[PDB]
Amino acid sequence: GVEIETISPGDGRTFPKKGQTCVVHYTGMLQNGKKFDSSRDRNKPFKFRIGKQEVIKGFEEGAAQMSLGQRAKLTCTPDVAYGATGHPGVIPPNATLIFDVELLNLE
């Protein structure tokens, strides 16, 4: 389940397509919680490609639904990232993950 909440600036037209190494200023967030991951912290905005299931389904589906420049806001469900599994110490099981996603991509 990917619900997109776009902060309006962007272009609306340049979608990431298959195998395209696209660049995201993501800034993760726990629901009723603090941050857990941020490409703004590492300052390398995570040049990942579409269609290899590198990222979760809550963020891979969110990337194609966004275009260049767009600043959406994800709400990833439990069953797309870590609901059944849960990461030890970081993201528990049954977790509804939150993201500040801005798509200033390449390719």
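Judging from the entry metadata, cryo-EM is the method by which this structure was determined, and 4.5 Å is the reported resolution.

Caption draft 1: Quick look at the pattern of salt bridges. Within the structure shown, the criterion is met by two salt bridges. Between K35 and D41 there is a salt bridge, with the nearest N and O atoms lying 3.3 Å from each other. Residue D41 is classed as exposed on the basis of its relative accessible area of 51%. With its nearest N and O atoms 2.6 Å apart, the salt bridge here joins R42 to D37.

Caption draft 2: Looking closely at the UniProt feature "domain: PPIase FKBP-type" in the protein. Here, UniProt's "domain: PPIase FKBP-type" annotation points to residues 19-107. As a span, residues 19-107 carries 13% helix and 22% strand, and end to end its C-alpha atoms are 9 Å apart.

Caption draft 3: Expanded view of the pairing of strand β4 (residues 71-76). On β4, burial follows the alternation: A72, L74 and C76 on one face are buried, whereas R71, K73 and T75 on the facing-out side are not. Strand direction decides the pairing type here: β4 and strand β5 (residues 97-102), joined by six bridges, are antiparallel. Looking at the pairing, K73 lines up with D100 of β5.

Caption draft 4: Spotlight on the side chain of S38. Summarising the element assignment, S38 is placed in the loop between β2 (27-30) and α1 (39-42). Here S38 falls in the buried class, since its relative accessible area comes to 2%. Of note is the side chain of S38, whose polar atom sits 3.2 Å from the backbone nitrogen of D41. Those residues within four positions of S38 in sequence are excluded, and the remaining contacts are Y26, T27 and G28.

Conventions adopted
Residues numbered from 1 in each chain as written, not as in the entry; some residues may be left out. Part of a larger assembly, values for the part shown. Heavy atoms only, no water. Salt bridge = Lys/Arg side-chain N within 4 Å of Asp/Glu carboxyl O. Buried < 20%, exposed > 50% of the residue type's maximum accessible area, 1.4 Å probe, protein only. UniProt positions renumbered as here; feature names shortened; annotations may be inferred. Helix = DSSP H or I, 4+ residues; strand = E, 2+ residues; numbered from the N terminus. Pairing = 2+ DSSP bridges. Polar contact = N/O pair within 3.5 Å; in protein donor to acceptor, adjacent residues only side chain to side chain. Contact = heavy atoms within 4.5 Å.

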